[PDB]
Amino acid sequence: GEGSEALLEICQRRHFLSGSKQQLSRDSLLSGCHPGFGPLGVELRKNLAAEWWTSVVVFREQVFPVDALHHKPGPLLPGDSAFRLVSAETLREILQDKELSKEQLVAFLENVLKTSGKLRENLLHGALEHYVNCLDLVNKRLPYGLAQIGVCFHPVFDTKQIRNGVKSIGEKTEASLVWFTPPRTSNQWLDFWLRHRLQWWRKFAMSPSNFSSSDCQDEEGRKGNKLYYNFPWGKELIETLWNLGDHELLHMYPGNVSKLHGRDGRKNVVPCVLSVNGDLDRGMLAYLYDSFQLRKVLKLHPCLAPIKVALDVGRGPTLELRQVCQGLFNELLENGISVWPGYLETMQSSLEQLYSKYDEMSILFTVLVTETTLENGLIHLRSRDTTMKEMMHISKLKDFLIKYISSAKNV
Amino acid sequence: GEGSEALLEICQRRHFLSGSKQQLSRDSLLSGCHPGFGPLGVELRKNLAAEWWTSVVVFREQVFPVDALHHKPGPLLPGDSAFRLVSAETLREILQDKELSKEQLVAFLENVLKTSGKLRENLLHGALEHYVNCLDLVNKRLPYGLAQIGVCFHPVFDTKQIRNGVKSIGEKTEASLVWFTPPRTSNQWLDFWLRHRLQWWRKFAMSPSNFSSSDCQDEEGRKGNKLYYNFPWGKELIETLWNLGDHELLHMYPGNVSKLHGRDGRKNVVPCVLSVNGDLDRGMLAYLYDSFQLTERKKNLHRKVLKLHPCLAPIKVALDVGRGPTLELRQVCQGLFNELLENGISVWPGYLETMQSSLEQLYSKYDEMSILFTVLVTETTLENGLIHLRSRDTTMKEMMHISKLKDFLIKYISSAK
Amino acid sequence: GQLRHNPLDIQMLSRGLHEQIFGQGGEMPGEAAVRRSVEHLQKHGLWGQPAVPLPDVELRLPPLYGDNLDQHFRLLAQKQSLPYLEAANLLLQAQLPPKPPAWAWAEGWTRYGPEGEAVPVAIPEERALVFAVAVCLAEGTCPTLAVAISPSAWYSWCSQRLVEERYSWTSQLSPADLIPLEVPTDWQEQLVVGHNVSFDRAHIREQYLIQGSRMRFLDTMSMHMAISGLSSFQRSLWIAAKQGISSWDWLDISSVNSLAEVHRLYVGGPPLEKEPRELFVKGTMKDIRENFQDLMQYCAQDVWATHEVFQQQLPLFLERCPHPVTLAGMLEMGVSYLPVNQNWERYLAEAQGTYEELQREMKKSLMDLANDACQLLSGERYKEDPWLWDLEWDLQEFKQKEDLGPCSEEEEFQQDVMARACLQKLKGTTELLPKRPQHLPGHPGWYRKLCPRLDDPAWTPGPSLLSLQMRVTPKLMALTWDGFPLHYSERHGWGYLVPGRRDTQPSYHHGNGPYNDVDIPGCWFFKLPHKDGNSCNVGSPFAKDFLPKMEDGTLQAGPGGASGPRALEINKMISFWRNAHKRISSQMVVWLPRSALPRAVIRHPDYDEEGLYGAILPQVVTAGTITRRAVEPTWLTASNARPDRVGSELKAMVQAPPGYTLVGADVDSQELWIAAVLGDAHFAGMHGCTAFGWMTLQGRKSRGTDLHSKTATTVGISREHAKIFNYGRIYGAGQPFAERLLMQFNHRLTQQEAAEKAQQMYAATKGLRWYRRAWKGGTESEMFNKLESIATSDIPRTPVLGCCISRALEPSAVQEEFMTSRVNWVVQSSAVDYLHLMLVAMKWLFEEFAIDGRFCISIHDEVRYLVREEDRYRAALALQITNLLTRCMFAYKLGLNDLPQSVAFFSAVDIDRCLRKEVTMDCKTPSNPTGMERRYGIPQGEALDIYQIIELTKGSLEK
DNA sequence: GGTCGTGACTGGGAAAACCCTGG
DNA sequence: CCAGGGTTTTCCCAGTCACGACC
């Protein structure tokens, strides 16, 4: 338990996680009741979403983007468990007037519930409404898929702290994929996507053996597979795969059934729906947990790291070193490398302490400028992975960095 | 209107916005209750957000990203007009239990109102919640800034369509900048940011004169500015800036003043807050309007085209196959497709469609999608390595070597900025 | 009491002032001259009109040396130039040791012995030197090499930028990056002659200290211009004749200002070398490192040539400029100093940003129409375009030398490898096609030249090389003057085509044409009007003079409704900064650190520790004009302040450091006053002898008789036209000019009557010519006769201080040519001598009372001094008494023994912290849209008049 | 009238890429 | 079978003309 608390403390100190220690509950992190992530966490989520989007949407011609609004207006089918969008004005007005009896209040509540909007719990529902037009986009050719990286909302019932029926609201960002495929080869596509996503998740891990897959089947007989990551305290769901069949599509447009058909070869058929859904936030937590090894340094994969290179100014006249550092910083930004502008700080913390601080922040490489740099053009460069200091030509720093990033990407 | 009607028609037809013509009203588009966007529209918004994020956060060393939780849990200050979030499980338990009373229902509704959360109406209030930690991040060096892109929910009023008193919930994606500045530097940074924002919005516009800025004051006299776009029907607010002073900052943490002091050199002050928020969706519609020419001078100007800025156009290049060996040409096209994908260039897989559409028809179709270039691989391409390129703005056909396409495209996209 | 008057009832100087400044007594004018002058004035009827008396002013002056005004001035000038001429003669008559054997390699200074022994001396220790500086512009504007000559031996200096090779250098120059050429506190003061010494001055280390050390300079280029100079037309004709009208002897007694030509003119001998490799103009720091010996030899050759010219020239200059005040003033016009605070960098950023954004707006507005013009090539649609038909519409040829199924992972990898290999196979097919690339074939002829070639390092997509000046830009916008399409011919400039030719003249149009010579059958080619007359072709429709034509409806953009006016508005916006951006941003700044600032500036409360306060040393050619004026590439040509010109606040950015304030003024109607006073001295020696004189001096501009109004009354035209005509006449212009301008200002007057109107107007002003030949009967006949008498003399000296005209303009060589240049030279050289008198008087007065003062700039008439805050009004009183003294001396040289009070003191001695025309204007520029109090927080300065000055200062000069 | 920059255009010369000649 | 004589094309630089800055 100490290691988990130590890692949480590290992420809180270095602006990965935001909020106070009590507000940083492991259950809150898992269930989406967290107060938010630090700016480094924001960059980490951005990189994770970038890699997911690149691996899914960019490289495959049958996937097109889809945008579903965060709500669904009424009326809604009874029994839905989503948070009901409620206007406080009507509730206050009903509270003020007590002339209505108990039965009248029940009737009003039922009417409002039948007419209350809801926050989406999974993008799957929204994507189906886009099946018609997005099907038209590929000239009725199947298969084709939709994807939308985004956030949803889920109820949380914390049995530990509920006294006055207080149910919290959890928000989790999930990446979705709705693969409309002909029934003939559905499970082959399922296996393809499953293996691909296992490979993708293992790609950026330090110890990929901790990722695993498992099979499942619903109550209605739909075949499914689920991915789990081995957190220190146990395995937690990180992505789910289901063979939804055609129940939803047929339910959605109950009239001209032919209009929802898809052209598979020379025939028109109703496609099968495949669902891919994983918690990108929980995956970010998973990668952070993976990166912890006992020198406490976060070795996030270079392609997902938030900060790629850091700059500092050594002993010597301030103005010249600062001008050189600003020039290098601008050049690096212009070429698509995220940098940390540490050259402004004046605190004379030791080089060892500064190295520890930057490493704890998951920084790939450290560049320091001193008088000798103005003398000859070599900048001190520290390797996060090797604890070795290398001196390199200041002109050739950017090429070395971009080569390192690409080489990590292709490995 | 006829030009506007044509533009809306095109945006629906080539899948820029999603929905039916009844939902595609101007008020629906502006109010945040449109049925959604088409895939190309999503790409366009992503590109605009990327450009904004680069120009605001990437090229500022003292600005850092912030994430605001989409809802604000209670208890809230009295008088808030925001909507309340209620779990369906609680309502189900309330309605199913027959042992409840009228008084019990009244008490339950009072408890719900007193202990309910709200959707975010603006990014500012949540943004300030991270001020202490972010101030610690920059070693108490003022000024510093927090940025965030995301969707905010607003109410919508209507009189014709609203039959049963149904108030609609509208969503809009907003880019918000919170800039904490020393009091001596209030109007300095305010004017600087106004100038930078106006330049940023004018930079990608085909006709920048339609963009404008206007100064305006609040009821409390604090200085502000508003930027507009000349739609065919009038200006619409696309971005606002305010000098909030410190009232919100002092109210957020009224406990002790010593925790919130910021350093301007050697002096510790409580800083003033400048809030910059712009309307991404309205700006996207505005750039769509700007790209389409409202021809009303030369009478012989056909070919409806969408002259989006190349850094904002959704799909960079498109591919096609001519007469020749289908398999070898398809291998060539797939190779070129993967090559252009590997370099951050979005490519339209046009070589997969089996329709034998005429070349003029295909040129029109790719133009309506605001495709920068049209690449054609034919038998000669396999013969010697020469490929064709039809520039959107010029419509002139040229030939380049197939290995020279990657560098030309990358240089084009970069230097267009 | 103090009030007095002249025989023409003009308020003269007060009794105390006149007694102090005019001795006692004088040969007052006779009654005969009075009667003649009165008869003249009555004949023109400008006699009697009185004016409200100006208040009497009393002032007891500091002791005036000598026994006369001229003697006092000459004694002061001798005191001022006593050491400098001594050093000049010491250097002129001195043995020059042999050239060094081989130039050494050591940072900084190095002394070269008689036999070639080299010793590094910390600083030069000689009273006089001739200096040549070398700047490697590629690696910044820091000076590189210095070879110095002196009576003892040659001296050599090399920058650190050549000796040691660091990784990088500061882009903002520091005082440590200059040459230690000064005498720190057996002699005092030093003189460093040189060629274009202003260029050499800017790299001297101590000339940037605001404390103002004692040193002066002499430019041999200035001497050559003053001695055997050439005008612009003269210089052009000299160059043309050398490459290959009468009285061509002047081709043998003058040359251009390059060092080699001056060497040929003065000492001749072998033509000087040139070093065609031009390493310094274009090169590399390592390259200059490797080729040290040859480059330093060329520098020493330049030094030797400059010394030869100076030595063979200095006696001649005094032989033609025998007034010590002239040399003394020439010393003080070359010590300009301008202080610049930290606001310089922000100024450059804002100016560049505004220019860039407006440029982008204009360029995109043009490019939109450009791209749409390509779509007129298919179908031969170019032919019917009324505007885009004659452009090049020729292309270029490219030169040349079902079901479905998923996939297996192994199959996917194999397909990826196969596709990549197939792609890489085609990349090798380069073994054909031109090796040198083609440049955008297929596009029409006009389009390809607009776009840049991909080999360009700074390429940008699209036709980005479009500016409004291009000959195809107007057609690309399709401008139609009065509903007639435009057209360009090189035989008659721009113009518009009117259809209706059946093969002539228009049936229903009038204008500048038609010109049947340029034939495009079916139409006629008229000509747009210009501001220089019909003989000039209109060069660019997007010009300033067409701004009224944008709104009046005469000119229509054609392919727009509002872009056109916006186009010409953007044109006028960035016109100035377009030209000025190079030299404005090419200036040098030496940001003096806190260590070398004065103690008081640091002690001042408004001092900023984080701020950087620096200075710029202008490069001014003291005599670069035939009229012996100053020449400065930027500051003499800097736009003052406007709310529609980007970067127009450049002058306002020149700001005093903390603890200092600028004090300045400006002469009033200087050219007209000099003309009037010369005419008065020529007629009877009484002020207001001529009508021009009275109008200049006592003219009532408010109500009644004044020079600008009275001419309008006679002609019957608007006052502005009369003012323009009068300025043209004093510049010198003929009757055809007048008739052309009259026909221009009004198209309702026919030439048949316009000629008579012009001849009558000139007769009223200048008068006719009877033969005794001279000017008589004209309101300004006396001044014209006096000017031509001075000009046509064998040895025309300046009337004031007697500096002879440049020998290339002597009547013995030009005879009856270049009359206008000489007659203008008279007035303008008098003005330059007047400025010299002002400067020498100011120097003496500031030295007399220990006033801590310095020179800012001498913008011809204007004078600005930089003085400390506490004694700000004392400097004002010094300036006012200087003005009094110099005007009294000016009158006395012509011989008049009295001076009117109305000119006896400056109108507004402005005290301010930033140079600008008025202390009141905030000059909200387009680059500073808010204002100076809001962008840089300067207050509005205080402007004071003589009565306010004497009241605040109690009329005393001591503390 | 004098003085200074500039830019767009242009003509002529210099540098670099072709044809088929033939021993 | 390739080096060149003569050919052509293209690149560059001096000069020219119109323009807009202080006097």
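Sequential numbering from 1, following the chain as shown.
Determined by electron microscopy, 4.1 Å, according to the entry header.
Backbone N, Cα and C define each Cβ position, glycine as well.
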- Item | Listed co-binder of 2'-deoxyribonucleoside 5'-triphosphate (same site as C:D666, C:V667, C:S669, C:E671, C:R719, C:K723, C:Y727, source Swiss-Prot) among C:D833, C:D852, C:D861 | C:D861
- Message: Among C:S232, C:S236, C:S246, which residue does Swiss-Prot annotate as binding DNA at the site that also has C:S467, C:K582, C:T625, C:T820, C:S821?
- Response: C:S232
- Item | C:140-147, C:692-699, C:860-867, C:876-883 - the range that Swiss-Prot marks as motif 'Pol C' | C:860-867
- Query: From C:3-12, C:203-212, C:363-372, C:663-672, which range did Swiss-Prot mark with motif 'Pol A'?
  - Reply: C:663-672
- Would you mind telling me which of C:166-174, C:193-201, C:454-462 Swiss-Prot tags as motif 'Exo II'? C:193-201
- Count the other Cβ atoms sitting within 10 Å of the Cβ of C:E671 (2'-deoxyribonucleoside 5'-triphosphate binding site), across every protein chain shown. 18
- Under 8 Å Cβ-Cβ to chain A, which of the recorded positions C:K582, C:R645, C:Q828, C:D861? none
- Task: In whole Å, note down how far the CA of C:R719 (2'-deoxyribonucleoside 5'-triphosphate binding site) lies from the CA of C:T625 (DNA binding site).
- Result: 32
- What is the Cα to Cα distance in Å between C:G244 and C:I245, where a stretch of 23 residues has no coordinates? 15
- Any same-chain residues 6+ apart from C:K544 (RNA binding site) with CB under 8 Å of its CB? Would you list them in sequence order, or say none? C:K572, C:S575
- Query: Looking only at C:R453, C:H530, C:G539, C:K544, C:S639, C:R645, the residues listed as binding RNA, what is the longest Cα to Cα distance in Å?
  - Reply: 36
- Query: At the level of the C-alpha atoms, what whole-angstrom distance separates C:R453 (RNA binding site) and C:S467 (DNA binding site)?
  - Reply: 17
- Query: Is the motif 'Exo III' (C:298-306) in contact with the motif 'Pol A' (C:663-672), using three or more Cβ pairs under 8 angstroms as the rule and ignoring pairs under 6 apart in sequence?
  - Reply: no
- Compile a sequence-ordered list of residues in the same chain as C:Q828 (site 'Critical for replication fidelity and mismatch recognition'), six or more apart from it, whose Cβ lies below 8 A from its Cβ; state 'none' when nothing qualifies. C:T625, C:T627, C:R629, C:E671
- Task: Would you mind splitting the motif 'Exo II' (C:193-201) into helix, strand and coil residue counts from DSSP?
- Result: 5 helix, 2 strand, 2 coil
- Message: Restricting to the chain of C:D666 (Mg(2+) 1 binding site) and a gap of 6 or more, list residues whose Cβ falls under 8 Å of its Cβ, or answer none.
- Response: C:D861, C:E862, C:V863, C:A908
- What parts of the chain pack near the motif 'Exo II' (C:193-201), using Cβ distances under 8 Å and only residues at least 6 beyond its ends? 88, 91, 128-133, 207, 217-221, 259, 262, 302, 305-307, 309-310, 334, 617-622
- Using C:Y727 (2'-deoxyribonucleoside 5'-triphosphate binding site) as the reference point, find which of the binding-site residues C:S232, C:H530, C:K582, C:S639, C:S821 has the shortest Cα-to-Cα distance to it. C:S821
